[PDB]
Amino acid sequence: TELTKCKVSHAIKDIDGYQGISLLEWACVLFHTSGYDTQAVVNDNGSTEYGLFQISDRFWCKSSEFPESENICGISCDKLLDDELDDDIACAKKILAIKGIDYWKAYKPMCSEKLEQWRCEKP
C-alpha cells in the first residue's frame, strides 16, 4: 500500500532518534527510497530490495531467490511487503546499528537540507 507521509511518520515513531536519525529525516529518506509504498520491490542486480525501507535480500532478509542469504534480520523478505511495519522497523534498526544510515543512499543527497517540509503536524 502507498502510504502518506503522516501515516509513515505515525507508523515509525518508535524509530525516531534511533542511531541519531530523526523522524523528519526518515520521512524524507523513505519517500525517496520507496515512495512510501509498502510493496515496493526493486533490484540492483543479482539482489532485490523490499518494502518501505527497501531492505535487501543480499544480507538482511531471506528470499526464495537467495535462500543462502546471511538473513541478518532473521526474516522472510515477504514479511517486508505488507502493511505491518513493526518487523520492517526492527530490521531497519539492525541495519542502522550494524551498517548505519549510509545503507540508505538517498539520505545524503536528498535529506541533508530542507527537512522541515517533512514534518507531520497531524496528532
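The term rigid core refers to the maximal set of C-alpha atoms that superpose within 1.5 Å between the two forms. Each residue number is its position in the shown sequence, starting from 1.
Query raised in the report: When the core is superposed, where do the C-alphas shift more in 9 other deposited structures of this protein: in 42 to 50 or in 80 to 88?
Result: Result of the core-fitted comparison in 9 other deposited structures of this protein: 42 to 50 deviates more.
**Report entry** 68 to 76 set against 82 to 90, stretch whose average Cα temperature factor tops the other in the entry
**Finding:** In the deposited entry, the stretch with the higher C-alpha B-factor mean is 68 to 76.
Query raised in the report: Should the higher mean CA B-factor in the entry be assigned to 58 to 66 or to 35 to 43?
Result: In the deposited entry, the stretch with the higher C-alpha B-factor mean is 58 to 66.
Query raised in the report: In terms of the chain's CA B-factor thirds, is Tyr18 lowest, middle or highest?
Result: Highest third, going by the recorded CA B-factors of the chain.
Report task. Pull the Cα B-factor of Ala106 out of the PDB entry and bin it into the chain's lowest, middle or highest third. Result -> According to the entry, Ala106 has a C-alpha B-factor in the chain's lowest third.
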